[PDB]
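Going down the list, the sequences are from chains B and A.
Note that the first sequence covers residues 5 to 68, 78 to 124 in PDB author numbering.
Note that the second sequence covers residues 5 to 68, 78 to 124 in PDB author numbering.
Just so you know, even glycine gets a beta-carbon here, dropped at the ideal spot from N, CA and C.
2 protein chains.
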Amino acid sequence: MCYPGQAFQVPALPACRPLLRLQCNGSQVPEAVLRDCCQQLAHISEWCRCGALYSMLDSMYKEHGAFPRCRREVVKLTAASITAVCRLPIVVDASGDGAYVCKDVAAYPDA
Amino acid sequence: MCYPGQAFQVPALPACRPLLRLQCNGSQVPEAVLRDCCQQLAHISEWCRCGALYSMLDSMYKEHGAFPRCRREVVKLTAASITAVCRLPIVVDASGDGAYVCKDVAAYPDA
């Protein structure tokens with residue numbers, strides 16, 4: 005498993021929270037804020053990148078709205094594909110199947 | 005409405021079909037095939053970009078498997094965020110609410 009606090013820093017992905025708040029209502033995202041988020045994702049292993057994003061999303065909602082001018086549905090869809098916009102692959106599960114997209118995050122707060 | 009054949013060329017987004025097949029199992033995507041997909045998306049209006057993507061995905065499934082080594086769930090999640098990886102905004106509905114992500118495509122074959 006990907007243990008919060010060691011597979012990835014907690015609070016998870018500080019650089020990616022400002023990215024998600026811009027993206028979820030279609031604002032323009034500066035290159036620097038995209039770059040910093042992706043650099044932070046890059047350091048986490050392929051196996052744990054979706055876990056870090058799940059933790060981040062859960063933290064934002066549990067602190068909280079957490080996402081001004083953003084719809085619930087598009088928020089969790091945007092968080093689930095940040096790793097795609099970074100062109101960072103993830104491994105879907107124990108098979109080693111790869112993808113660019115986090116389905117567990119897209120189904121938050123369940124999967 | 006976005007009419008197939010006039011809001012966008014049909015078959016929809018030829019250049020994006022190879023992108024989606026690489027992405028949906030986490031393969032490396034060449035800059036040329038990303039570029040050509042985004043170029044095609046860029047020409048479609050903010051209002052019809054998700055419609056072009058829905059049409060493309062539907063065609064791929066209706067011709068068909079359509080996605081070798083890809084899971085159903087990650088396929089439609091990947092198609093829903095091709096517009097995010099291109100940094101192209103869409104309008105979510107009649108409100109004019111913006112986003113980078115197509116929720117109707119993520120819910121295929123329903124929404």
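Tell me, please, whether the CB atom of residue i is closer than 8 Å to any CB atom in chain B?
i, result
"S94(A)", "yes"
"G78(A)", "no"
"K66(A)", "no"
"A56(A)", "no"
"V105(A)", "yes"
"residue 72(A)", "No coordinates exist for residue 72(A) in the structure shown, because the numbering of chain A passes directly from 68 to 78."
With respect to the alpha helix (DSSP H) encompassing residue i, which residues constitute its N-terminal and C-terminal limits?
i, result
"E67(A)", "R53 to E67"
"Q44(A)", "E35 to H47"
"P22(B)", "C20 to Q27"
"residue 127(B)", "Any property of residue 127(B) remains undetermined from this structure, which presents chain B solely from 5 to 124."
"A92(A)", "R85 to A92"
Taking just the CA atoms, how far does residue j sit from residue i?
i, j, result
"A36(A)", "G9(B)", "38 Å"
"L23(B)", "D62(A)", "31 Å"
"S49(A)", "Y7(B)", "43 Å"
"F80(A)", "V105(A)", "27 Å"
"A120(B)", "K89(A)", "13 Å"
"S94(B)", "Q13(A)", "26 Å"
"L26(A)", "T96(B)", "15 Å"
"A107(A)", "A11(B)", "42 Å"
"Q44(B)", "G30(B)", "22 Å"
What does residue i pair with, by DSSP beta-bridge criteria?
i, result
"residue 69(B)", "The residue list of chain B ends a segment at 68 and starts the next at 78, so residue 69(B) has no coordinates to report."
"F80(B)", "The partner list for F80(B) (beta bridge, DSSP) is empty, contrary to what the question assumes."
"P8(A)", "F12(A)"
Does any C-beta atom of chain A lie closer than 8 Å to the C-beta of residue i?
i, result
"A112(B)", "yes"
"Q27(B)", "yes"
"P34(B)", "no"
"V87(B)", "yes"
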